[PDB]
């Protein structure tokens, strides 16, 4: 299990959390020096538990599928909550079995459904360490509309930061002040599956992508990533989604 405390949190302690999160995900192989997540893991070993503590010291435990870094559900006091999707239902067979009750959220965990439930796109939801503290607080007490927004914050500040160093750094910049995600941040999130695939295909193709991946740079301009020498590959992406899961 991996842990993060918002009480006394700073950029360094957050960086240590994201390092721990990445380090927990199992892999046998690296592709261009980037850990390749496993095709599958059977049983309870599929799920990583993250213990998160808000500034007041209250906690949730979040279940993460170690093959795809997807959040499946979370435990808050004696109640578990899982996304309304088959992978989460399966997870609920293995984690938080001790919960007194299990609530299925009224949405799946994909960004599109969460944004609909929340009433707002990610572009307009501030992220940062204060926002993460707030998200943990929200998730302690069931409100499905508020939780959707909280879960968009939680997913970006854990999973997406684990996937991309750039996103980790963006959250570190927002240690004491929230700010809506940069356009480049959104682009990277949206491209993780595509990049993961092309980096794997590039082995066998001299490091050249079969199909370019289009991103937005931090300044605002659209760029094409065509091969493994790109900074996105050498110095940003930290985890690859297995092509078996794409």
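Numbering follows the first chain given and starts at 1.
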query: Mean temperature factor over C-alpha atoms, higher-scoring stretch between 214 to 222 and 183 to 191; finding: 214 to 222
query: Comparing 17 to 25 with 223 to 231, the one whose average Cα B-factor in the PDB entry is higher; finding: 223 to 231
query: Out of 110, 144, 134, 156, residue topping the C-alpha B-factor column of the entry; finding: 110
query: Member of 138, 104, 172, 78 with the greatest C-alpha B factor (per the PDB record); finding: 78
query: Cα B factor band for residue 240 (lowest, middle or highest third within the chain); finding: lowest
query: Entry-reported Cα temperature factor of residue 118, expressed as the chain third it lands in; finding: middle
query: For residue 61, the third of its chain into which the C-alpha B factor falls; finding: lowest
query: Residue 94 by Cα B-factor - lowest, middle or highest third of the modelled chain; finding: highest
query: Third assignment of residue 88 from its chain's C-alpha B-factors; finding: middle
